[PDB]
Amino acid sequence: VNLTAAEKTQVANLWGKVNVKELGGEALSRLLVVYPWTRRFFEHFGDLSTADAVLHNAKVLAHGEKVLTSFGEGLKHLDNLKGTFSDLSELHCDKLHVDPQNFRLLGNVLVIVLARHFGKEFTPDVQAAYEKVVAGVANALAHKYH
């Protein structure tokens, strides 16, 4: 991904303030409430028929953390998201059969979540940096589709 030196600092500084369990939980939770059809992949986690069941499902929250923690891994290799996420792209395509469009939807929710928690700090510029990050991550996870 094509990021300026000022943008990488911004990306790394904000993420050091990120609780991956809490925001991980919330990002995946918000995906499933805002775009209810994304709940199809997690139906085996328990009752997800309502917004409130979704928000209280221990497996959804724990998966959001796992997902954000993987997203954090990408941040450690921003010049090579394709290499970093190569195995996971193959995993999501071949084994999980996840439509990569979902990666984009999760990206958008992640930005709204960072904004929600960091107020003023998540400037238009900090946002621009993360919007480029989430699209890089999305593209990388989609890259090995076939």
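The first residue of the shown sequence is 1; numbering continues from there.
Stretch with the higher entry mean CA B-factor, where the candidates are 47 to 55 and 104 to 112:
The stretch with the larger average C-alpha B-factor is 47 to 55.
Determine, from the deposited record, the chain-internal third of the Cα B-factor for residue 90: lowest, middle or highest.
It belongs to the middle third of the chain when residues are ordered by C-alpha B-factor.
Classify residue 63 as lowest, middle or highest third according to the C-alpha B-factor given in the PDB entry, relative to its own chain.
Its C-alpha B-factor, which the entry lists for residue 63, ranks in the lowest third among residues of this chain.
By the recorded C-alpha temperature factor, relative to the other modelled residues in its chain, which third is residue 82 in?
Residue 82: CA B-factor falls in the highest third of its chain.
Against its chain's modelled residues, does residue 120's Cα B factor rank lowest, middle or highest third?
Its C-alpha B-factor belongs to the highest third of this chain's values.
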